[PDB]
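Per-entry structural report
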Amino acid sequence: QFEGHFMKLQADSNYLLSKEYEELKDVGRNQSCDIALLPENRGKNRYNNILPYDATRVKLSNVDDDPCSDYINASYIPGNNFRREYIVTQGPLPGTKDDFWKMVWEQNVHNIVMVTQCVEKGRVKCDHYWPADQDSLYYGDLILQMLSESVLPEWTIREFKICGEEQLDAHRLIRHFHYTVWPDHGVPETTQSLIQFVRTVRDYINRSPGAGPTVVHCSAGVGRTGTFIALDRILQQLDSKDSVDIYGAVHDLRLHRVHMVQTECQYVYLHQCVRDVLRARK
């Protein structure tokens, strides 16, 4: 049934697909971002036009001295199973790296997804915010150590040990999934690459049932990040319900954070992924 739906959307040079995507443009955008606009938080945002909504931002534990110490450019995102299934965030800045790992710890994060390179087309997109070697490093009051690094053709998987400096016995294993082949222009050259990356991450998410939200970020945490989350949601729907609601998924993402699935081309790519999964099965 999806195949016929997608064919009708593509008819007349994607007329109905484009109309549907444009129907989403205003979704969620009347929500305030006043906290992110406070002057004390100005240096904490990578992009002026990509701020979390007050109603869905992730809050850090407040430091007794600074009233704006609770701020990070990050948003809760629902999935098929939980209201706070993901946390989406920007590529950390040098000045927000400690806040990022504080959020990871406080939110009980066990899986982090990164869908960007640190530098692309000579432009800085994300700071290298994890250890480069096997030696331990403090990020604020949290000790981080890279236990392993596995470089595969289309992504890299790292294992980190994290623990607070007070309770060295109460450590946690974190997995980091770095998608390394998103091209400098457009969307991935194949659907198979992001499908299989998503399936890999989801298999690890399903293995940590007590974990907090899965962190997902790119540079701004909206375009590639929203494509990853939408694809994760609809591949689960396809395997379970045998149904698929791409529009509803992107709509729900937009309610929680601006620009999720930021281009029509990314919206098309999601439809092509579903079509390709179905075709491979028929």
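Structure determination for this entry, per the PDB record, employed X-ray crystallography and reached 1.99 Å resolution.

So, the overall build of the protein
Across its full length, the protein carries 6 helices and 11 strands. For the protein, the C-alpha atoms occupy an extent of roughly 60 × 40 × 40 Å along the three principal directions. For the protein, the proportion of its 282 residues judged to be buried stands at 54%. Across the protein, the mean location of the 32 positive side-chain charges is 5 Å away from that of the 38 negative side-chain charges.

Some points on the pattern of salt bridges
Counted by the stated rule, this structure contains 14 salt bridges. The shortest N-O distance in the salt bridge between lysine 125 and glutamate 120 comes to 3.2 Å. Just as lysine 125 is buried, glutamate 120 falls in that class too. We note a salt bridge from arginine 202 to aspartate 232, for which the minimum N-O separation is 2.7 Å. Taken as a pair, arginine 202 in helix α3 (residues 191–207) and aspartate 232 in helix α4 (residues 223–239) lie far apart in primary sequence, 30 residues in all. Take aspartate 232: its relative accessible area is 2%, and that puts it in the buried class. Connected through shared salt-bridge partners, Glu85, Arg202 and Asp232 make up one network.

So, how was this worked out
Residues are labelled from 1 along each chain in written sequence order, independent of how the entry numbers them, and those without coordinates are excluded. No hydrogens and no water enter the side-chain calculation; it runs on all heavy atoms of the structure. Only DSSP runs of H or I with at least four residues qualify as helices, and only runs of E with at least two residues qualify as strands; both kinds are numbered from the N terminus onward. Categorising residues by exposure relies on relative accessible area from a 1.4 Å probe, with only protein chains included: less than 20% of the type maximum marks a residue as buried, more than 50% marks it as exposed, and the intermediate range marks it as partly exposed. We treat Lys and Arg as the positive residues and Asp and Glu as the negative residues; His and chain ends play no part in the count. By convention, charge coordinates are those of NZ in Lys, CZ in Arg, CG in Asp, or CD in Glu. By definition, a salt bridge exists where a carboxyl oxygen of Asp or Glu is found within 4 Å of a side-chain nitrogen of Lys or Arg.

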